[PDB]
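No hydrogens, no waters, no symmetry mates; every other heavy atom, side chains included, goes into these values. Each ligand, and each atom within it, is numbered from 1 in the order the structure gives. Counting from 1, the numbers follow the sequence of the chain as shown.
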Amino acid sequence: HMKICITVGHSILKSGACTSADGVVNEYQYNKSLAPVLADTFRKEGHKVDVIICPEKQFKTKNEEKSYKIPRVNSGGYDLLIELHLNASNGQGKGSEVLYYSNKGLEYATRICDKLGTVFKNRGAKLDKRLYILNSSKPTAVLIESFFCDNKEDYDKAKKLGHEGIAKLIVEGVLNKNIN
Ligand SMILES: [Zn+2]
């Protein structure tokens, strides 16, 4: 029914430096693992999905993440873009949060937040027009901050749910239905 693009946030630079947040779990690595599970969960409901992950040990700087992602996002004729992130603060911040650009994006964001909110703290959908992944993407886009990578309790919940458990909540939210 929908053609969906899933980008994984951040990358591993040529230096070996990872550009993501890092805490009790590495953000990039977690989302590299989640992305294909999320895609398959969408696919089970009949949607088509492309997963976009930056090449590893190719980029000189983080600036190449935009240059890599944007043309591919914009050449695929997608109905929806989702970029997967994990949040971070000082260890005390926790919960789920979805960033959006438009009123259409807000609809998706709120439902995703409510679904994740069944397990994590619902921090709410938040408008951010400054992010390139949102302001330079043709399709409606949302940036999902599923939980905090520097909060033990959040990550313990995630490992309890599993990738499939997190995926199901995101998919139910985006699709506005119950999968069970
Ligand atoms: Zn991130």
Exercise for the section: Examine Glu145 and say whether one of its N/O/S atoms is closer to the Zn ion (ligand 1) than 2.8 Å. Expected result: no
Worksheet item: Within the side chain of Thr140, is there an N or O that forms a donor-acceptor pair under 3.5 Å with the backbone of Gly105?
Response: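 Absent.
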Any ion pair linking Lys126 and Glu97 (charged N to carboxylate O, less than 4.0 Å)? yes
In plain terms, say whether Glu83 and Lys69 are close enough for a salt bridge, that is, a side-chain N and a carboxylate O under 4.0 Å apart. yes
ang(NE2 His10, the Zn ion (ligand 1), ND1 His85) rounded to 10° is 100°
Going by side chain to side chain contact (heavy atoms under 4.5 Å, CB included), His10 matches just one of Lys32, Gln29, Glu27. Which one?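 Exactly one pass, corresponding to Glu27.
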Checklist entry - How is the N/O/S atom of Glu27 that comes nearest to the Zn ion (ligand 1) named? => result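 Closest to the Zn ion (ligand 1) among those atoms: OE2.
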